[PDB]
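Taking the form deposited in one PDB entry, here's one chain by itself in structure tokens.
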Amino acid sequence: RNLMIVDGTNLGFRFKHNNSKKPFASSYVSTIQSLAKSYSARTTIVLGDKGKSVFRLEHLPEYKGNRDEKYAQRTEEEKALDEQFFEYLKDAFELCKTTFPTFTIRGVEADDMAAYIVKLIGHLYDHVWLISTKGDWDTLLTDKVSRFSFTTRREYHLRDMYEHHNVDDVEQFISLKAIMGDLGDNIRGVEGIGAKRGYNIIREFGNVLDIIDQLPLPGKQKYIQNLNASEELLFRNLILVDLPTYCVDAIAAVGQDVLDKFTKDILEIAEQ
């Protein structure tokens, strides 16, 4: 049987409907049960958000800094819908704690908890299934670890790394995200370098650490000039996007005792 790890806040938006009125807390938990059955899960762990990553904030103070601006500029109707939706999501998450191992850690993102759980107990299961729409969770794909997205309704396997993210493997995916950044997370990338130029540069010169050694790179294009002045940006971004490497550091950032407790809690779940 399998392990299933749910990105719970991410999953909540499956029930955001501008037209619908009623609570979804019971239907939220039933959906997780249904997913558990679809992915043959003997163990399901649900993860929630609880603040911006203290780790990522320490390396990039503007991490998700667009949030408070984006939420301030919502219309009257959007604010009213959101306040209902988020009240309902809180109740859904409460009700979920009755039934499944359900984790928040203050100042730690679900991403880091998921990455750590996979490495900690994933080998005790036949397969691990990740329930998230978030594409950078594919930094955790292996032959034994896959992802399902409710928005796209797609399954994502390691063999399909290229078809999805236009890269060969996890390391290339990490290198490309570090170069490109992520506007949604307010992580600046190298100006003028997107997916096409980024992949072309990675395939020629290698992964981000190799590219930094060779700086300045040759070429007279404006985006290469921007790349050659971006050493500090590239190192910083690598720490922000390399989920497998820094997941434990991200949990430890909020306290050694928090890491200790979470480690024990996860190992106890696997024994049940």
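Take the two forms, superpose them, and find the largest set of C-alpha atoms that agree within 1.5 Å; that set is the rigid core. Note that residue numbering begins at 1 and tracks the sequence as displayed.
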Stretch with the greater mean C-alpha B-factor as recorded in the entry, comparing 168 to 176 against 109 to 117: 168 to 176
Greater mean Cα temperature factor according to the PDB record, 149 to 157 or 121 to 129: 149 to 157
Largest Cα B-factor, entry values, listed residues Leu141, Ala72, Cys96, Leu89: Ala72
Member of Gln221, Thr43, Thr31, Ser53 with the greatest C-alpha B factor (per the PDB record): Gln221
Third of chain Cα B-factors occupied by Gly48: lowest
Ranked C-alpha temperature factor of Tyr199 among modelled chain residues, by third: middle
Chain-wide C-alpha B factor ranking for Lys22, given as lowest, middle or highest third: highest
Assigned third (lowest, middle, highest) for the C-alpha B factor of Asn237: middle
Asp7 - which third its CA temperature factor falls in, relative to the rest of the chain: lowest
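Another form exists, deposited in another entry; not displayed. Remarks below refer to it.
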Of the candidates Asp82, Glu155, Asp160, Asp169, the only Cα that travels 2 Å or more between this form and the one not shown, given a rigid-core fit: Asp82
Core superposition between this form and the one not shown, C-alpha change of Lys37 at least 2 Å: no
Yes/no, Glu191 Cα shift of 2 Å or more between this form and the one not shown with rigid core fixed: yes
Core-aligned C-alpha movement of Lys70 between this form and the one not shown reaching 2 Å: no
